[PDB]
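Read through the structure below, which is laid out as structure tokens, and then see the notes.
Read the figures in this text as sums done on the coordinates, not as results from a lab. Cβ sites come from the backbone with ideal geometry, for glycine too, and all protein chains shown count toward neighbours.
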Amino acid sequence: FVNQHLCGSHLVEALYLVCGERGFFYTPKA
Amino acid sequence: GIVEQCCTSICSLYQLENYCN
């Protein structure tokens, strides 16, 4: 689930599930 | 950034929460 290599849509879904109603920001090119 | 901490290396809940609003 969370403790692995998370890339692309896989990383985006983890953020979605973890952050919930707080929402999140995704910045690949930080 | 997040790709470096979670994609190229192993992610963690601590780090993921750094990106929640």
Subject >> Residue pairs meeting the criteria (Cβ under 8 Å; at least 6 apart or on separate chains; first more than 15 Å from B:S9 (Cβ to Cβ), in segment A:1-16; second surrounded by 13 or more Cβ atoms within 10 Å (Cβ to Cβ) and of a type in the set (A, V, I, L, M, F, W, C)) >> reply: A:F1/A:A14; A:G8/B:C7; A:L15/A:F24; A:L15/B:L16; A:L15/B:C20; A:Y16/A:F24
**OP:** Could you check how many residues of segment A:1-13 are touching a helix residue (DSSP H, G or I) at 6+ places or on another chain (Cβ under 6 Å) and not β-branched (V, I, T)?
**Re:** 2
**OP:** Quickly run through chain A and pick out the residues that are of a type outside the set (S, T, Y), in a loop (DSSP other than H, G, I, E, B) and facing chain B (nearest Cβ under 7 Å).
**Re:** A:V2, A:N3, A:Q4, A:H5, A:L6, A:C7, A:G23, A:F25, A:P28, A:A30
